[PDB]
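Below is one structure, written out as structure tokens, with a few remarks after it.
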Amino acid sequence: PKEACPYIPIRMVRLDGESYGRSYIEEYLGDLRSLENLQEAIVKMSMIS
Amino acid sequence: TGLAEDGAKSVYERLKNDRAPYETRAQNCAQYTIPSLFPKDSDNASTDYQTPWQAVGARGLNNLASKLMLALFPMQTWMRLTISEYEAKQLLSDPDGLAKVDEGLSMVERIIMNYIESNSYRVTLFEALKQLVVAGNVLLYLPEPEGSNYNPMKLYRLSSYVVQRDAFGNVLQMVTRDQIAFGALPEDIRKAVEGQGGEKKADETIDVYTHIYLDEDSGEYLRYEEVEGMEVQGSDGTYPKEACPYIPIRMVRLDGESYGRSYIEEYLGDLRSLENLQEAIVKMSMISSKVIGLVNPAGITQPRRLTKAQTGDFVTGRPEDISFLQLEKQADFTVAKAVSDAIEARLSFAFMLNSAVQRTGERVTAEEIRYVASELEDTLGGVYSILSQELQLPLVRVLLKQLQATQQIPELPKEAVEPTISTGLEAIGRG
């Protein structure tokens with residue numbers, strides 16, 4: 001039965017009409033992307049230094 | 001014998017090529033944290049391991065092993081024996097019988113600590129934990145009690161042994177390579193070498209291979225020792241299913257990968273970037289240390305009078321004639337130091353460098369252990385949980401089986417003889 005199925009798909013961020021959930025980080029992924037680019041250049045300028 | 005048809009030698013060689021990337025990672029990881037822990041195959045007795053230009057990795061790695069050591073293996077109990085003769089009937093029926101049974105579990109749990117106490121198991125675990133941080137994998141072997149004689153574990157570095165796993169996570173076959181002198185060989189091993197033929201000098205070392213593989217017919221591990229391509233007679237043995245003394249340990253487990261990866265590998269890049277910055281900072285001061293007197297050739301002043309003159313001597317010259325060469329890189333030094341300090345900050349948290357979190361306090365209590373256990377889950381992912389299942393649980397089970405022969409549990413049923421084992425935070429503390 002549905003209530004007793006041992007196969008448990010768990011979606012953390014649910015959207016209507018989507019079979020799969022989405023990650024929490026994805027909304028900050030566009031923000032970590034900006035952070036990494038800034039920290040990438042900061043270290044690389046130090047490598048010149 | 002499908003797995004062992006080629007023999008221990010051949011199966012070791014082909015599977016060794018699989019672990020070649022992993023030993024390359026461990027050597028690279030060790031090169032930056034502590035070059036001594038994981039040495040290359042070539043260098044021996046004349047290595048002269050150069051110190052890393054930054055000590056953050058070395059300081060953090062020692063801290064990481066110690067913090068794991070406190071929580072995983074404190075003086076407080078770290079295994080819990082829970083008795084369930086029935087899933088639910090044990091509590092309902094025969095309650096006072098459980099108290100007699102539960103009394104037995106305490107003594108069996110107590111004698112485990114005494115067994116840990118006598119044979120100095122705690123010393124080898126610290127080395128295994130330190131190897132786990134720098135190298136992805138380590139293998140621990142628990143030899144048979146063989147009476148009351150002193151019995152330490154044998155720790156196999158990733159270089160020595162080899163293992164094959166499926167995407168399931170189970171082990172198909174493992175081979176350990178051991179080089180022991182002919183005189184130091186076990187007596188059973190010696191007669192096989194003599195039985196093989198050929199005189200061997202005492203100081204000459206003979207490698208031995210112990211191959212454990214799954215039988216295709218039955219899910220039971222089969223163990224045998226092979227010397228010089230010849231199996232040792234009488235060494236054949238069938239380890240209990242999923243109870244082999246060998247405990248292959250991976251700190252970080254990845255799917256479809258037979259080995260594991262070091263925790264330092266997560267931050268090796270930030271480690272080597274700090275290596276480059278600190279190396280240039282030190283080298284910059286080396287240039288600055290050297291003194292060079294730049295004498296203006298158009299000047300009146302001549303160095304001959306300056307050197308020959310005693311202290312407090314009037315010498316014909318002008319101060320602006322004499323100048324000294326100086327390293328003027330100040331903006332570069334401050335930006336590199338600013339970036340280097342920032343990189344130490346991220347590595348300080350990842351390695352949990354001391355911030356009076358555990359240094360404070362001159363006593364060791366179960367409460368502090370739980371504080372470290374919570375901290376070890378906040379950082380390092382969940383290796384505290386992973387190592388508890390991967391390392392603590394197999395470690396207790398093998399010892400529990402051996403201690404059954406040594407100490408006869410008062411209760412005959414095997415469930416009371418072999419209670420379910422809990423090695424998590426529930427084990428830490430009284431309960």
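In the structure tokens, chains take letters A, B, ... by order of appearance, with residues numbered from 1 within each chain and ligands from 1 in the order shown.
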At a cut-off of 12 Å, list the chain A residues touching chain B, using only C-alpha atoms, as a count of residues only.
11
Output as a ChimeraX atom specification all residues of range 41-286 of chain B that backbone DSSP marks as helix (DSSP H, G or I).
/B:56-72,89-92,95-119,121-134,187-196,264-286
Name all residues at most 10 Å from residue 22 in chain B (count only C-alpha atoms; drop same-chain ones fewer than 5 positions away) and give them as a PyMOL selection string.
chain B and resi 17+27-28+135-137+158-159+259-262
Å distance separating CA of residue 194 in chain B from CA of residue 182 in chain B, one decimal place:
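Distance between the two atoms: 9.9 Å.
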Extract, using only C-alpha atoms, all DNA, RNA and protein residues at most 12 Å from residue 22 in chain A, discarding same-chain residues fewer than 4 positions from it, and format them as a list in words.
residues 10, 11, 12, 13, 14, 15, 16, 18, 26, 27 and 29 of chain A
Could the residues in this selection be written to a file with N, CA and C atoms, as an mmCIF file, in the first residue's frame?
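Once written, selection_15.cif looks like this:
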data_model
loop_
_atom_site.group_PDB
_atom_site.id
_atom_site.type_symbol
_atom_site.label_atom_id
_atom_site.label_comp_id
_atom_site.auth_asym_id
_atom_site.auth_seq_id
_atom_site.Cartn_x
_atom_site.Cartn_y
_atom_site.Cartn_z
ATOM 1 N N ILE A 10 12.007 11.601 -0.884
ATOM 2 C CA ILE A 10 11.800 12.786 -0.062
ATOM 3 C C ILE A 10 12.342 13.993 -0.812
ATOM 4 N N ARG A 11 11.489 14.993 -1.009
ATOM 5 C CA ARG A 11 11.855 16.224 -1.692
ATOM 6 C C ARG A 11 11.914 17.338 -0.662
ATOM 7 N N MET A 12 13.018 18.075 -0.648
ATOM 8 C CA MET A 12 13.191 19.086 0.383
ATOM 9 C C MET A 12 12.478 20.377 0.006
ATOM 10 N N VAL A 13 12.665 20.849 -1.223
ATOM 11 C CA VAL A 13 11.972 22.033 -1.719
ATOM 12 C C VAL A 13 11.003 21.588 -2.806
ATOM 13 N N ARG A 14 9.714 21.600 -2.485
ATOM 14 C CA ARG A 14 8.705 21.107 -3.410
ATOM 15 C C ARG A 14 8.165 22.231 -4.285
ATOM 16 N N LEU A 15 7.964 21.929 -5.564
ATOM 17 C CA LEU A 15 7.271 22.814 -6.491
ATOM 18 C C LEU A 15 6.174 22.026 -7.193
ATOM 19 N N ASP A 16 5.041 22.678 -7.443
ATOM 20 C CA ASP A 16 3.923 21.997 -8.078
ATOM 21 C C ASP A 16 4.268 21.611 -9.512
ATOM 22 N N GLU A 18 6.454 19.308 -10.434
ATOM 23 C CA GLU A 18 7.806 18.783 -10.560
ATOM 24 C C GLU A 18 7.910 17.466 -9.809
ATOM 25 N N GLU A 26 20.659 26.018 -4.149
ATOM 26 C CA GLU A 26 20.489 26.529 -5.506
ATOM 27 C C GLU A 26 20.051 27.988 -5.504
ATOM 28 N N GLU A 27 19.272 28.401 -4.501
ATOM 29 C CA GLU A 27 18.857 29.797 -4.434
ATOM 30 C C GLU A 27 20.015 30.688 -4.008
ATOM 31 N N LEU A 29 23.124 29.528 -4.798
ATOM 32 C CA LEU A 29 24.179 29.141 -5.727
ATOM 33 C C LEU A 29 24.578 30.303 -6.621
#
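The shortest atom-to-atom distance to residue 78 in chain B, with only C-alpha atoms taken into account, belongs to B:112 out of B:295, B:306, B:30, B:112.
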For the structure I just gave you, how does DSSP split range 188-312 of chain B - specifically, which residues are strand (DSSP E or B)? Reply as a PyMOL selection string.
chain B and resi 205-214+221-227+230-231+237-239+247-250+252-253+260-261+293-295
Which residues are near residue 201 in chain B? Cut-off 9 Å, only C-alpha atoms, ignore same chain within fewer than 2 positions. Put them as a PDB file with N, CA, C and O atoms, in the first residue's frame.
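part23.pdb written:
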ATOM      1  N   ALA B 181      61.498 -10.589   8.374  1.00  0.00           N
ATOM      2  CA  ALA B 181      62.752 -11.320   8.264  1.00  0.00           C
ATOM      3  C   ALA B 181      62.523 -12.814   8.462  1.00  0.00           C
ATOM      4  O   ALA B 181      61.575 -13.236   9.129  1.00  0.00           O
ATOM      5  N   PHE B 182      63.412 -13.617   7.871  1.00  0.00           N
ATOM      6  CA  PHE B 182      63.245 -15.066   7.905  1.00  0.00           C
ATOM      7  C   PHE B 182      63.236 -15.594   9.334  1.00  0.00           C
ATOM      8  O   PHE B 182      62.424 -16.459   9.678  1.00  0.00           O
ATOM      9  N   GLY B 183      64.134 -15.085  10.179  1.00  0.00           N
ATOM     10  CA  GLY B 183      64.149 -15.504  11.571  1.00  0.00           C
ATOM     11  C   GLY B 183      62.914 -15.065  12.334  1.00  0.00           C
ATOM     12  O   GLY B 183      62.444 -15.765  13.233  1.00  0.00           O
ATOM     13  N   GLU B 199      67.894 -22.053   0.722  1.00  0.00           N
ATOM     14  CA  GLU B 199      68.393 -21.468   1.958  1.00  0.00           C
ATOM     15  C   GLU B 199      68.141 -19.966   1.983  1.00  0.00           C
ATOM     16  O   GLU B 199      68.333 -19.269   0.982  1.00  0.00           O
ATOM     17  N   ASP B 203      68.584 -12.375   8.228  1.00  0.00           N
ATOM     18  CA  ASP B 203      68.241 -10.964   8.073  1.00  0.00           C
ATOM     19  C   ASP B 203      67.433 -10.714   6.806  1.00  0.00           C
ATOM     20  O   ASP B 203      66.761  -9.683   6.695  1.00  0.00           O
ATOM     21  N   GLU B 204      67.491 -11.631   5.844  1.00  0.00           N
ATOM     22  CA  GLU B 204      66.726 -11.467   4.618  1.00  0.00           C
ATOM     23  C   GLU B 204      65.234 -11.553   4.914  1.00  0.00           C
ATOM     24  O   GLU B 204      64.776 -12.449   5.627  1.00  0.00           O
ATOM     25  N   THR B 205      64.475 -10.613   4.359  1.00  0.00           N
ATOM     26  CA  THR B 205      63.046 -10.499   4.621  1.00  0.00           C
ATOM     27  C   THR B 205      62.260 -11.156   3.498  1.00  0.00           C
ATOM     28  O   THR B 205      62.588 -10.984   2.320  1.00  0.00           O
TER      29      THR B 205
END
Which residues are near residue 265 in chain B? Cut-off 8 Å, only C-alpha atoms, ignore same chain within fewer than 4 positions. Put them as a list in words.
residues 25, 29, 261 and 269 of chain B
So, counting only C-alpha atoms, which residue among B:66, B:389, B:233, B:402 is closest to residue 245 in chain B?
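So, comparing all the options, the nearest one is B:402.
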Skipping near chain neighbours, those fewer than 6 positions away, what residues fall within 12 Å of residue 9 in chain A using only C-alpha atoms, listed as a list in words?
residues 19, 20 and 21 of chain A
Export of the given selection (N, CA, C and O atoms) as an mmCIF file, in the first residue's frame:
data_model
loop_
_atom_site.group_PDB
_atom_site.id
_atom_site.type_symbol
_atom_site.label_atom_id
_atom_site.label_comp_id
_atom_site.auth_asym_id
_atom_site.auth_seq_id
_atom_site.Cartn_x
_atom_site.Cartn_y
_atom_site.Cartn_z
ATOM 1 N N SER A 19 8.454 16.450 -10.480
ATOM 2 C CA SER A 19 8.607 15.144 -9.849
ATOM 3 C C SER A 19 9.670 15.175 -8.760
ATOM 4 O O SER A 19 9.550 14.481 -7.745
ATOM 5 N N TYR A 20 10.717 15.970 -8.954
ATOM 6 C CA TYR A 20 11.871 15.992 -8.065
ATOM 7 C C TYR A 20 11.898 17.308 -7.301
ATOM 8 O O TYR A 20 11.411 18.327 -7.796
ATOM 9 N N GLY A 21 12.463 17.280 -6.097
ATOM 10 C CA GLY A 21 12.667 18.503 -5.358
ATOM 11 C C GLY A 21 13.891 19.266 -5.828
ATOM 12 O O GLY A 21 14.656 18.812 -6.678
#
Show me a table, sorted first by chain and then by increasing residue number, of the residues of range 232-286 of chain B having an atom at most 9 Å from range 36-57 of chain B, each with its shortest atom pair and the distance in Å to one decimal, counting only C-alpha atoms and written as CSV.
residue,atom,partner,partner_atom,distance
B:264,CA,B:57,CA,8.6
B:271,CA,B:57,CA,6.7
B:272,CA,B:54,CA,8.9
B:274,CA,B:54,CA,6.7
B:275,CA,B:54,CA,5.5
B:276,CA,B:53,CA,7.9
B:277,CA,B:54,CA,8.8
B:278,CA,B:53,CA,6.0
B:279,CA,B:53,CA,5.5
B:282,CA,B:53,CA,8.2
Selected residues written out with N, CA and C atoms, as a CSV table (one decimal), in the first residue's frame:
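To be explicit, this is the file written out as selection.csv:
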chain,number,residue,atom,x,y,z
B,264,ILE,N,41.7,15.9,4.4
B,264,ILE,CA,42.5,17.0,3.9
B,264,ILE,C,42.3,17.2,2.5
B,271,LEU,N,45.3,24.5,1.4
B,271,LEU,CA,46.5,24.2,2.1
B,271,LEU,C,47.7,24.6,1.2
B,272,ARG,N,47.7,24.2,0.0
B,272,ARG,CA,48.9,24.4,-0.9
B,272,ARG,C,48.9,25.9,-1.3
B,274,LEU,N,48.2,28.4,0.8
B,274,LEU,CA,48.9,28.9,1.9
B,274,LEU,C,50.4,28.6,1.9
B,275,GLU,N,50.7,27.4,1.3
B,275,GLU,CA,52.1,27.0,1.2
B,275,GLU,C,52.9,28.0,0.3
B,276,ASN,N,52.3,28.4,-0.8
B,276,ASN,CA,52.9,29.3,-1.8
B,276,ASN,C,53.1,30.7,-1.2
B,277,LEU,N,52.1,31.2,-0.5
B,277,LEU,CA,52.1,32.5,0.1
B,277,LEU,C,53.2,32.6,1.2
B,278,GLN,N,53.2,31.6,2.1
B,278,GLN,CA,54.1,31.6,3.2
B,278,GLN,C,55.5,31.4,2.7
B,279,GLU,N,55.7,30.6,1.6
B,279,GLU,CA,57.0,30.4,1.1
B,279,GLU,C,57.7,31.7,0.5
B,282,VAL,N,58.6,34.1,3.5
B,282,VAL,CA,59.9,33.8,4.1
B,282,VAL,C,61.0,34.1,3.2
Separation of CA of residue 284 in chain B from CA of residue 321 in chain B in Å
26.4 Å
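Separating CA of residue 127 in chain B from CA of residue 139 in chain B is a distance of 11.1 Å.
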